[PDB]
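Have a look at the structure below before the remarks.
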Number of protein chains: 4
Amino acid sequence: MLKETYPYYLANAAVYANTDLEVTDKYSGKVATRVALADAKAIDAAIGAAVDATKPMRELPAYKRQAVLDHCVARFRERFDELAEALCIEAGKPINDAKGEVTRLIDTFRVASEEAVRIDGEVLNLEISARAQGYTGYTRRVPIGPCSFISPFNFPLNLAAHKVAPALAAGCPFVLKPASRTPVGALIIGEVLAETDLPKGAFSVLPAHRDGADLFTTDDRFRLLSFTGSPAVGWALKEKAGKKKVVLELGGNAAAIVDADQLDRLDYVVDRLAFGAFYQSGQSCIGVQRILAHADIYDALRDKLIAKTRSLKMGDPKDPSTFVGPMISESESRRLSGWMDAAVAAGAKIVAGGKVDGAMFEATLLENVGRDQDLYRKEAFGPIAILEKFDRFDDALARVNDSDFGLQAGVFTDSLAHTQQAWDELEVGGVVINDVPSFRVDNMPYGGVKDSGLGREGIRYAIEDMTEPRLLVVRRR
Amino acid sequence: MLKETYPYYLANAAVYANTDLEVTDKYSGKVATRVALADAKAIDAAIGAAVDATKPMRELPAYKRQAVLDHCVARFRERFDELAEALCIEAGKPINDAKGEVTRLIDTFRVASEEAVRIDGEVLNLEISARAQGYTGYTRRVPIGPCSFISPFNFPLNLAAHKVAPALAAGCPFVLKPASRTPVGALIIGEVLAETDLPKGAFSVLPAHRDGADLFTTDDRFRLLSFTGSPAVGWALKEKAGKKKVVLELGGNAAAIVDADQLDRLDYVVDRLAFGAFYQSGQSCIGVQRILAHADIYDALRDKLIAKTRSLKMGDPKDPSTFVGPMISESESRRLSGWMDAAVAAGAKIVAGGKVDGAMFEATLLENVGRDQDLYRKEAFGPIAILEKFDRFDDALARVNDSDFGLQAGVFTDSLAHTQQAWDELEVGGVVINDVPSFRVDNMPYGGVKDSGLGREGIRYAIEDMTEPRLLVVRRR
Amino acid sequence: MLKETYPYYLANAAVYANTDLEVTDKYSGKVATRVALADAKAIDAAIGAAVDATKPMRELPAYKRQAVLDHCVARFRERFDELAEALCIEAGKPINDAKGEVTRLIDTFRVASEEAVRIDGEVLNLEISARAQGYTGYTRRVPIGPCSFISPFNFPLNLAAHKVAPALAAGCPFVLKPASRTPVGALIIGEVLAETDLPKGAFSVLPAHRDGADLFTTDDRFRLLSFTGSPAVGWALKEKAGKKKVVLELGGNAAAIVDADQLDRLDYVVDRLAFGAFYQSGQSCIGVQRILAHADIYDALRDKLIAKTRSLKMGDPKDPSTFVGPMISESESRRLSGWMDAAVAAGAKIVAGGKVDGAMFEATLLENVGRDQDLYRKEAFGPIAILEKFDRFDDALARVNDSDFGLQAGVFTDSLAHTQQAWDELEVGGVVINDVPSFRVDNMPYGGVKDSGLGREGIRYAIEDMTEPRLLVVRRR
Amino acid sequence: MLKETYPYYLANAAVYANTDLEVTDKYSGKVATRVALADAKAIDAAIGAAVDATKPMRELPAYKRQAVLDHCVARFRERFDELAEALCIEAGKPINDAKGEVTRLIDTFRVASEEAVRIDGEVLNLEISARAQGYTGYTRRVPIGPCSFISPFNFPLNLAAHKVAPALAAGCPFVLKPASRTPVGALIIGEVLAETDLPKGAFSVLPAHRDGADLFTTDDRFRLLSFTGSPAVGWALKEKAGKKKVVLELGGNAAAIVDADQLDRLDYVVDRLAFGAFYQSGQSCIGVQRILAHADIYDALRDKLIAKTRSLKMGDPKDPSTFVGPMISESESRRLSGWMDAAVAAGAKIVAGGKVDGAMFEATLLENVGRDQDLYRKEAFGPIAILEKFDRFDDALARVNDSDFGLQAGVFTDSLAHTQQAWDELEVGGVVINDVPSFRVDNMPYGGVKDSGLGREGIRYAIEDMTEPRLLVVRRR
Ligand SMILES: NC(=O)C1=CN([C@@H]2O[C@H](COP(=O)(O)OP(=O)(O)OC[C@H]3O[C@@H](n4cnc5c(N)ncnc54)[C@H](OP(=O)(O)O)[C@@H]3O)[C@@H](O)[C@H]2O)C=CC1
Ligand SMILES: NC(=O)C1=CN([C@@H]2O[C@H](COP(=O)(O)OP(=O)(O)OC[C@H]3O[C@@H](n4cnc5c(N)ncnc54)[C@H](OP(=O)(O)O)[C@@H]3O)[C@@H](O)[C@H]2O)C=CC1
């Protein structure tokens, strides 16, 4: 059970300012807790404190930044079940998927702990011509300054971690705005950070609705905005950011290709397709939305995938036997069911699932979806997948690329040539081979091209964005 | 002598579309040549051709990109004197400084030739926890796509090279808009590239005035805008760029510190201060504008710097004995002379030089300039320097940092502690030790923080910005 | 108190084979414990088991190797005081220096834990010319195979750790022979490793006297010999090693230079000189043996160093107020006192200390030692230091280099030029600036040139030596 | 035609000391030239001069080392046909293969030119724990010192280049002993180097027979021996080398696997198998000796390979239509024909070729060769290949590994799983996919494990071996 109320964190300190943000249990619909909602005055105060903490943060030695991160790792391990249960409530996340997220939260912070003590530089040969005889270069990474972080509803812990943990490793103060539907995970991160010896102003965690969050984008005291969320929002915020650096982690309509040589592997393939399409009710930025299957294996794959989809239990996410929990809201279920209805009216067929009861949307598989349909081209963000057929690998690649988006794609194949062609031709951040696009391991470079992002996360890459190189050129004569 | 007319380059081809852009000899004021001016229809056509060339460019093997760059190097060596003389005319650049720029143009292209065949990736351990057993990552750099390049008047060849050469190494088509006051250097680069086997649309070089250049910032078919020019313009273009990545190389009011231990080195220090403050008439983004001298050596430095400044010959830049050529225009000379007059009226003193005859602005040294004056705080971009005194090194560092800007700074010292403190505390892209901030070698990371830039040039760093990483995750079971 | 007896570790298992190796308390001289001594049959069996464990070790995933190392870290933290007290007894090491070594043991294993999950490779551009169009390279590091490790008496824990920890990170089975005078630390490492899930044959820890240890050098089933010990032994073993790779970590007569600018820093300098010369009774491979002091500060340094040397308490290493413990044996004290006597007979002067009572050799400072004396040129390995004067920095560098050896040197200076010159000219593995040569941090590359070594330790560098690169060249057509 | 006589190069200077080494045309058998043979007095003088050149070489700036290498590249391009014709004569190398070697000589020197200006170091975080607060590390690569180089007969130019070019890039003086059967290529390299501004003693090129070459291994003034040649010699020299570092590039009995999925690719596979087995008469350290073909494609591959082998013209290597030139001597042809006869007597069958006329050994293919035969297990080094069959991929890998050797192997496959398994399991330096093991590109890491080598060549890797790291540790307080 969640605590009755939660504070926000203003310049490292818990402030029980109000109880104005109600957070519901996404399965029962009951109010599960109330948290303090930050207004513009509080946001402004947090930003000023972050400016004031910039020098103290920059002066922390590497091993001290590591020690802060290690304290977080230890506390997250100690509170593992509490954290997983909180995710289950506030995100409606099936308990096995919630435990999966807490395991990843720990991985992300542990990678950051390791990277905090290996932010190395280079000794550069500058003697490339006679004019530069006797010069040598030395590099270091300096913290960029105060960072503005905005995170989405669907991984309340780990996607905040992908900003918070590298900021601490890099030596940047930050102000984090979690999603209002799922703020508790970030507030527990804040609680744990408040136990450490960080300078005042090193961090704030401030719940705020989007309509009250302008300063997170526009305030000129932030030197970086790093936003994870919908493409419609992220590209709009880039336009308003001003001088600061912008990093965007957005969405897409990810595809998985199943090649002709997969007959003897179909039970594995189907298990992974069902995971990617339907885990956490399809609410993943790399959830499987489109499945392109080679004609040689299409019928066998279809039959097994219909049976697998029908087998997935929907219900209370606290029950470990539940695979499909509630979607995040009835309004989001209605968005997706409208797209599904429109695809069917235009000729598509529901071949497994299809029933929708409020936010309880069954795992659903469709055939014959037109490539012009919203269900095909927009980001479904729910427990639906589209199955389509191809006859030659080039056509599968073209159809994956027939999208505004480009986050990840997956290919199940034993062909070396097809693996190489996919790497060459798929206009995505990441191509996964012999697993779904929905796979991520927390050290890997991660992000999108096209409308799906601008930049990469994963600890090393976030540290790079959160620092500025400073060159020392030394002339000897 | 320049050719009578020059074409522009539209999708690799010379087009003598008109003679509407007059280019003056900046010393005599006479029209030296006329070049074709691109309109919006031509700019749009160039962008479409760049889209069409994206796939052919991406498919060029590394050694073929290298061969294009090597052809450029060979031709620039063959045409060395022609190129230097063209710079002398169109930029009013003293012939020794013009030869210096051509030497650097060759360095920049040679570094790019070397880097074109070493765009390596990583094999990443992904087995950081049990969930990721059997996964491995492989990385590559993919060209970002069509690039929009805008360059300034003062290094007509080398600052274009810092965009063009890495684009070719990385496999990106590009459209370059040179400065209208100095377009010839870029058009000679275009002429040389037109001799190579590049696919149609690989490059365009299009003169256009700023008021006709909106598409270089706003067109959504470009995936990167890389702008080198004034801070007032660059920050405004970032706001209008839309989704594309933005790189900015801007300006500043660079300082050099002369430490207490420099008495026996003062003739060297003074020679370098005069170079940094007055070469190419102070028209460098890292020209020395402010000189902070320790009280122990202030008087001796002052005396030598007055004598050195008075010794610098001003006149015809074609004469190898000329040190100070014309400024780029009478209007720019009038801007700077107005700031100088205002500083004097407020209490400053001209201690060497000070005479202004049209665009012929003498090398000038001032004392007693208030830190609130435009001459102190804005970008002088002319042959003036301000001398000021300090008593302890911390105060010198604070005064360097007392600026909107942060491009480079220099420190003449033999103190290891002061060298370390400068690297820690100077909020600049680069700190130069025992030379002026005006030093750059073309492989080094180069750029500004604060209002002076966003990102780095130097070949390796430009290639990074002109590419997207693409991860291949391979699962073995 | 040590346990009454210790086993050896044969293919991961404790074997109480005999009690034939007596280990004395180096202060009291009493037998403190008895340990099992391995004969040739046991050594041969260990090597065969290491061969048999090669494939299982190579197949362990990275995170499992990390988990083994993490178990060691946790157990060493839990047993910190026990480990420090054991060092105090078996090595006669002052308790503060013993705690220092255990702290370093933990650092070494923690660095190895981090490095175990970042043994990355490269994706290499191979398209350097037309013949190689369509080829790409991919690299990995494969364990070299069974490793033979030999460690010395003076850091019974940490110098074994610098071989054991990287071997585990790299996936190599190993057989370790500790020093017979100080085997207990290695046997506690073995005890802790025996608690982990490693495959049988992953490790053996076998006490054996040098005269029974031929197989550690000659057996052809080992693919690497890594030896830490005296130069006279190491160079002789290289000759007998056969086909295997050889890494040598040897000794020297390390020097510290004190520059002319150090007057206001002399109390710091003297504190560090006394640490480097006299900690663990001078029994460090990078102990300060020679002190070169600039004429400007010589007298002031001399006076302070005489007073500091006289202040160092000699006695029972279990007492935290003891600075100078016993030397490792009376025979080693007699070796050094003979060299000291010979230097005095030839004209040197003892200016502080000089009294020798069995293995209790006082911290001692000499002046006027001829550069031809054994005390100058050979490895003292005891609590003596020689002070000499210089007038110009070039002469100090020449005198540091006037040696068979080249491990580390130190320079106390604030001159940037002198720092640069020292890095250029000192023929050593490592140059330390503003600390003694006796400083090491366990991640840094570490080793000697000239007669002082061949190769580097420090975790990353040891992993490199304990692996073979394996290139995959893939041709696409 | 070769020149009538050639000098040797002693400390950069041509010395026509004698004409005692006759070099034959390996096709006609006539003496083609006579070269000066170095005695022990000359070898000793060269070594002393290399010691004397160590400091001047170390002080050369990077761009000057690059300029020396660039001069070599330009001269080799200018003299391309001369160099190829000399190889044709002294090595009996078919002119197309000789031109191939000269092309590679240029690649090797060009890679070295590029690498000479990018010998970078690292700025290392040393703040891993509180003891190391305020310390930072900086690295550089220092030349190791004088190098001893020994090269073999079969690539008279390029295998010398793989030692000479990195030595120059790294700043090491060297003494090169080419093969007495083929010294001319190395003497032309020496002639070209003698045109450059290198300090006296930077290089010597000294022909000497093995029985007069002891000092190349034993002299203690060399700090590295790098040997390319037979395994029987290389392992013996390691035993005699003393203190110096040893690098070995040796031989093997390389295998190519043809997988079940290759039917539609067999003409390509057969073309590459014939190249690898029979180019330069099989005289390659990575020549194809063993061909393992999957049962599904065995008969079709066999038929095509018999026809291809029979089609290869044997004769005068000056004729561009000749594929198979003479072997290096009649004695080497007799060695191999004896092994072939013994394999046939034990049950093997010659299925194509088999005729031997002096040094003219036809391209030959055998079936049914016992795995215990010398022809199978020893290094053939001539134009013979053995064909054998397998039914499952694991067995093919085991049979490749059933050898004393481990240089390179090749696998023709479209299976991703088999590619991965080959990389995991083949105990070789390099695994080539979709080409023969006989492929090398001159920048790639290259060398053997097991009895085939110790260390890697390829420019970057040779530079690493020819340098020592020197760490600078700087403490700030
Ligand atoms: N690339 C990646 O790593 C991932 C990206 N995503 C993407 O996130 C989306 C789903 O998450 P969801 O939370 O619904 O996304 P939203 O874009 O609706 O919201 C994301 C965050 O942005 C905030 N926000 C919205 N508008 C503004 C604004 N004008 N100013 C400031 N903050 C604002 C929200 O605040 P509030 O809601 O409190 O009003 C929330 O904190 C999908 O598109 C998905 O692909 C998800 C996970 C992975
Ligand atoms: N890994 C690699 O890069 C390559 C290795 N090789 C290997 O080289 C061999 C073929 O070449 P080959 O020339 O016949 O090899 P050898 O081993 O017969 O001779 C190689 C070189 O070593 C010299 N040499 C031989 N014995 C001594 C000695 N005691 N002291 C000093 N020098 C000595 C030879 O001198 P001289 O002949 O003048 O008496 C020659 O210069 C094969 O085993 C092949 O695999 C070949 C090419 C590639």
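Residues are referred to by chain and number: the chain letter is A, B, ... according to the order shown in the structure tokens, the number counts from 1 in that chain, and ligands are numbered separately from 1 in the order shown.
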> DSSP on the backbone: what in range 198-331 of chain C comes out strand (DSSP E), as a ChimeraX atom specification?
Replying inline: /C:203-205,224-228,245-249,255-258,290-294
With N, CA, C and O atoms retained, export the selected residues as a CSV table (one decimal), in the first residue's frame.
```
chain,number,residue,atom,x,y,z
C,203,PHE,N,41.1,-22.1,-9.9
C,203,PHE,CA,42.2,-21.6,-9.1
C,203,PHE,C,42.8,-22.6,-8.3
C,203,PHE,O,42.2,-23.5,-7.8
C,204,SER,N,44.1,-22.4,-8.1
C,204,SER,CA,44.9,-23.1,-7.0
C,204,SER,C,45.8,-22.0,-6.4
C,204,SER,O,46.3,-21.1,-7.1
C,205,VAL,N,46.1,-22.1,-5.1
C,205,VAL,CA,47.0,-21.3,-4.3
C,205,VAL,C,47.9,-22.3,-3.6
C,205,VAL,O,47.5,-23.0,-2.7
C,224,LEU,N,50.8,-17.9,-19.9
C,224,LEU,CA,51.3,-16.7,-19.4
C,224,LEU,C,52.0,-17.0,-18.0
C,224,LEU,O,51.4,-17.7,-17.2
C,225,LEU,N,53.2,-16.4,-17.8
C,225,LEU,CA,53.8,-16.3,-16.5
C,225,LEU,C,53.8,-14.8,-16.2
C,225,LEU,O,54.3,-14.0,-17.0
C,226,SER,N,53.2,-14.5,-15.0
C,226,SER,CA,53.3,-13.1,-14.5
C,226,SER,C,54.0,-13.1,-13.2
C,226,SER,O,53.4,-13.7,-12.2
C,227,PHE,N,55.2,-12.6,-13.1
C,227,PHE,CA,56.0,-12.6,-11.9
C,227,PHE,C,56.2,-11.2,-11.4
C,227,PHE,O,56.6,-10.3,-12.1
C,228,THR,N,56.0,-11.1,-10.0
C,228,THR,CA,56.3,-9.9,-9.3
C,228,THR,C,57.4,-10.3,-8.2
C,228,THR,O,57.1,-11.2,-7.4
C,245,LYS,N,53.9,-16.3,-22.9
C,245,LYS,CA,54.1,-14.9,-22.6
C,245,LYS,C,54.6,-14.7,-21.2
C,245,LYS,O,54.3,-15.4,-20.3
C,246,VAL,N,55.4,-13.7,-21.1
C,246,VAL,CA,56.1,-13.3,-19.8
C,246,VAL,C,55.8,-11.8,-19.5
C,246,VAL,O,56.0,-11.0,-20.3
C,247,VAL,N,55.3,-11.6,-18.3
C,247,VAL,CA,55.2,-10.3,-17.7
C,247,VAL,C,56.0,-10.2,-16.4
C,247,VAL,O,55.9,-11.1,-15.6
C,248,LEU,N,56.8,-9.1,-16.3
C,248,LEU,CA,57.7,-9.0,-15.1
C,248,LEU,C,57.4,-7.6,-14.4
C,248,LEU,O,57.4,-6.6,-15.1
C,249,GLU,N,57.2,-7.7,-13.1
C,249,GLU,CA,57.1,-6.5,-12.2
C,249,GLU,C,58.2,-6.6,-11.2
C,249,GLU,O,58.2,-7.4,-10.3
C,255,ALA,N,64.0,7.6,-6.9
C,255,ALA,CA,64.4,8.9,-6.6
C,255,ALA,C,63.2,9.9,-6.5
C,255,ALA,O,62.2,9.8,-7.3
C,256,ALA,N,63.3,10.8,-5.6
C,256,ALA,CA,62.5,12.0,-5.5
C,256,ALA,C,63.3,13.3,-5.7
C,256,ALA,O,64.3,13.4,-5.0
C,257,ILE,N,62.9,14.2,-6.6
C,257,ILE,CA,63.5,15.5,-6.7
C,257,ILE,C,62.7,16.5,-6.0
C,257,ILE,O,61.4,16.6,-6.1
C,258,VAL,N,63.4,17.4,-5.3
C,258,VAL,CA,62.7,18.6,-4.6
C,258,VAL,C,63.3,19.8,-5.3
C,258,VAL,O,64.5,20.1,-5.2
C,290,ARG,N,66.5,7.6,-2.9
C,290,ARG,CA,67.4,8.7,-3.3
C,290,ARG,C,66.6,10.0,-3.3
C,290,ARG,O,65.5,10.0,-3.9
C,291,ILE,N,67.1,11.0,-2.6
C,291,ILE,CA,66.4,12.3,-2.6
C,291,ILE,C,67.4,13.4,-3.1
C,291,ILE,O,68.5,13.6,-2.6
C,292,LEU,N,67.0,14.0,-4.2
C,292,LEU,CA,67.8,15.0,-4.9
C,292,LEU,C,67.2,16.4,-4.6
C,292,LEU,O,66.0,16.6,-5.0
C,293,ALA,N,67.9,17.3,-3.9
C,293,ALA,CA,67.3,18.5,-3.5
C,293,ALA,C,68.1,19.7,-4.0
C,293,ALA,O,69.3,19.7,-4.0
C,294,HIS,N,67.3,20.7,-4.6
C,294,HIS,CA,67.9,21.8,-5.2
C,294,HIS,C,68.7,22.6,-4.1
C,294,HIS,O,68.2,22.8,-3.0
```
> Taking the backbone alone, and naming residues the way the document does, which bits of range 271-477 of chain B are alpha helix (DSSP H) by DSSP, as a PyMOL selection string?
Replying inline: chain B and resi 271-278+298-311+330-345+374-377+393-401+416-425+459-465
Would you mind listing, for every residue of range 17-102 of chain D within 7 Å of range 165-173 of chain D, the two atoms forming the shortest contact and the distance between them in Å to one decimal, using only C-alpha atoms, sorted by chain and ascending residue number, as a tab-separated table?
```
residue	atom	partner	partner_atom	distance
D:50	CA	D:173	CA	5.4
D:53	CA	D:173	CA	6.5
D:54	CA	D:173	CA	6.1
D:57	CA	D:171	CA	5.2
D:58	CA	D:171	CA	5.2
D:65	CA	D:169	CA	5.7
D:66	CA	D:169	CA	6.8
```
>> Residues contacting ligand 1 - anything with an atom at most 8 Å away, using only C-alpha atoms and all ligand atoms - can you give me those as a VMD selection string?
In response: chain A and resid 150 to 155 159 177 to 181 207 to 214 216 to 217 227 to 234 236 to 237 248 to 252 283 to 286 379 381 407 446 to 448 452 to 453 457
Would you save the residues from that selection as a compact mmCIF listing (two decimals), in the first residue's frame, using N, CA and C atoms?
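Writing done, so here's result.txt:
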```txt
# COMPACT_ATOMS: atom_id res chain seq x y z
N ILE A 150 12.18 15.73 -17.79
CA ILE A 150 10.75 15.44 -17.85
C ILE A 150 10.59 13.98 -18.26
N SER A 151 9.82 13.22 -17.49
CA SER A 151 9.67 11.79 -17.72
C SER A 151 8.21 11.40 -17.89
N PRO A 152 7.95 10.24 -18.52
CA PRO A 152 6.58 9.85 -18.88
C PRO A 152 5.95 8.88 -17.88
N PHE A 153 4.73 8.44 -18.15
CA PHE A 153 4.00 7.64 -17.16
C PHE A 153 4.45 6.19 -17.09
N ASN A 154 5.02 5.62 -18.16
CA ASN A 154 4.93 4.17 -18.32
C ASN A 154 6.08 3.39 -17.69
N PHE A 155 7.23 4.02 -17.43
CA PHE A 155 8.31 3.46 -16.60
C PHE A 155 8.64 4.52 -15.53
N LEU A 159 12.84 5.28 -16.34
CA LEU A 159 13.10 6.37 -17.28
C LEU A 159 13.51 7.65 -16.56
N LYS A 177 10.63 16.67 -13.36
CA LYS A 177 9.17 16.69 -13.34
C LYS A 177 8.67 15.32 -13.80
N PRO A 178 8.18 14.48 -12.90
CA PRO A 178 7.63 13.19 -13.32
C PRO A 178 6.24 13.37 -13.92
N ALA A 179 5.70 12.29 -14.49
CA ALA A 179 4.34 12.31 -14.99
C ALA A 179 3.35 12.39 -13.83
N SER A 180 2.34 13.25 -13.99
CA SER A 180 1.36 13.45 -12.93
C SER A 180 0.54 12.20 -12.63
N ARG A 181 0.32 11.33 -13.63
CA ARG A 181 -0.39 10.07 -13.40
C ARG A 181 0.43 9.08 -12.58
N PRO A 207 6.31 17.32 -8.85
CA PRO A 207 5.11 17.05 -9.65
C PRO A 207 4.48 18.37 -10.09
N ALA A 208 4.04 18.40 -11.35
CA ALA A 208 3.38 19.56 -11.95
C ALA A 208 2.69 19.07 -13.22
N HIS A 209 1.47 19.53 -13.46
CA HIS A 209 0.80 19.21 -14.70
C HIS A 209 1.44 19.97 -15.86
N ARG A 210 1.31 19.41 -17.06
CA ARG A 210 1.90 20.03 -18.25
C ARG A 210 1.54 21.51 -18.38
N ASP A 211 0.29 21.90 -18.07
CA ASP A 211 -0.12 23.29 -18.26
C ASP A 211 0.54 24.25 -17.27
N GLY A 212 1.15 23.73 -16.21
CA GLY A 212 1.90 24.54 -15.26
C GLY A 212 3.40 24.35 -15.34
N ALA A 213 3.91 23.73 -16.40
CA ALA A 213 5.29 23.28 -16.48
C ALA A 213 6.12 24.06 -17.50
N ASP A 214 5.69 25.26 -17.90
CA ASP A 214 6.41 26.01 -18.93
C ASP A 214 7.88 26.22 -18.59
N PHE A 216 10.08 24.48 -17.17
CA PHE A 216 10.97 23.36 -17.44
C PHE A 216 11.56 23.42 -18.84
N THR A 217 10.87 24.07 -19.77
CA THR A 217 11.37 24.23 -21.12
C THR A 217 12.03 25.58 -21.34
N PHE A 227 13.98 15.39 -22.41
CA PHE A 227 12.56 15.06 -22.38
C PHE A 227 12.36 13.64 -22.90
N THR A 228 11.61 12.84 -22.13
CA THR A 228 11.14 11.53 -22.57
C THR A 228 9.62 11.55 -22.53
N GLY A 229 8.99 11.29 -23.67
CA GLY A 229 7.55 11.40 -23.78
C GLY A 229 7.11 11.33 -25.23
N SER A 230 5.91 11.82 -25.48
CA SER A 230 5.31 11.65 -26.79
C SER A 230 5.99 12.54 -27.83
N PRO A 231 6.06 12.07 -29.08
CA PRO A 231 6.65 12.91 -30.13
C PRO A 231 5.91 14.23 -30.32
N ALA A 232 4.59 14.24 -30.21
CA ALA A 232 3.86 15.49 -30.41
C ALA A 232 4.32 16.55 -29.41
N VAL A 233 4.57 16.15 -28.17
CA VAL A 233 5.04 17.11 -27.16
C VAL A 233 6.51 17.45 -27.37
N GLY A 234 7.36 16.44 -27.55
CA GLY A 234 8.79 16.69 -27.56
C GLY A 234 9.22 17.65 -28.65
N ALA A 236 7.47 19.92 -30.04
CA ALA A 236 6.97 21.25 -29.70
C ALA A 236 7.84 21.92 -28.64
N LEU A 237 8.32 21.15 -27.66
CA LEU A 237 9.18 21.75 -26.64
C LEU A 237 10.52 22.20 -27.20
N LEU A 248 15.82 14.50 -26.90
CA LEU A 248 14.45 13.99 -27.00
C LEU A 248 14.46 12.47 -27.12
N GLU A 249 13.65 11.82 -26.29
CA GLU A 249 13.43 10.37 -26.30
C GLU A 249 11.93 10.16 -26.51
N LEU A 250 11.53 9.78 -27.73
CA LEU A 250 10.13 9.82 -28.13
C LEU A 250 9.59 8.42 -28.45
N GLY A 251 8.60 8.30 -29.33
CA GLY A 251 7.86 7.08 -29.53
C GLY A 251 7.93 6.57 -30.96
N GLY A 252 7.20 5.48 -31.21
CA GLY A 252 7.14 4.91 -32.55
C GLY A 252 6.16 3.76 -32.63
N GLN A 283 2.23 -0.76 -23.32
CA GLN A 283 2.61 0.62 -23.02
C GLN A 283 4.13 0.72 -22.89
N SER A 284 4.79 0.51 -24.03
CA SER A 284 6.22 0.67 -24.17
C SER A 284 6.50 1.44 -25.45
N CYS A 285 7.46 2.37 -25.36
CA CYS A 285 7.93 3.12 -26.52
C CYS A 285 8.56 2.25 -27.59
N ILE A 286 8.90 1.00 -27.27
CA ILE A 286 9.40 0.01 -28.21
C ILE A 286 8.53 -1.25 -28.21
N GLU A 379 1.04 5.75 -33.03
CA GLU A 379 1.61 4.96 -31.94
C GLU A 379 0.46 4.37 -31.12
N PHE A 381 0.28 2.26 -28.46
CA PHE A 381 0.44 2.34 -27.01
C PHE A 381 -0.66 1.58 -26.28
N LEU A 407 12.51 4.15 -33.99
CA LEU A 407 13.10 3.92 -32.68
C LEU A 407 13.90 2.61 -32.68
N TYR A 446 20.69 4.15 -26.64
CA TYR A 446 19.26 3.95 -26.84
C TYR A 446 18.60 5.25 -27.26
N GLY A 447 17.87 5.21 -28.38
CA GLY A 447 17.11 6.36 -28.81
C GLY A 447 16.62 6.18 -30.23
N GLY A 448 15.99 7.25 -30.72
CA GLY A 448 15.33 7.22 -32.01
C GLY A 448 15.86 8.22 -33.02
N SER A 452 11.21 9.85 -33.92
CA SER A 452 11.27 9.13 -32.65
C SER A 452 12.29 9.65 -31.66
N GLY A 453 13.14 10.61 -32.02
CA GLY A 453 14.07 11.13 -31.03
C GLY A 453 15.14 12.00 -31.63
N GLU A 457 20.24 8.00 -24.87
CA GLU A 457 20.42 7.67 -23.47
C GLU A 457 21.12 6.32 -23.37
```
> Counting only C-alpha atoms, which residues of chain D come no farther than 7 Å from chain A, as a ChimeraX atom specification?
Replying inline: /D:61-63,117-125,127-129,133,414-417
>> Need to verify the contact set: residue 105 in chain B, 6 Å, only C-alpha atoms, exclusion of same-chain residues closer than 3 positions in sequence. Can you return it as a PyMOL selection string?
In response: chain B and resi 102+108+158
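Among the candidates D:307, D:160, D:409, D:363, the one nearest to ligand 2 when counting only C-alpha atoms and all ligand atoms is D:160.
Closest approach to residue 382 in chain D among D:359, D:431, D:35, D:157: D:359, based on only C-alpha atoms.
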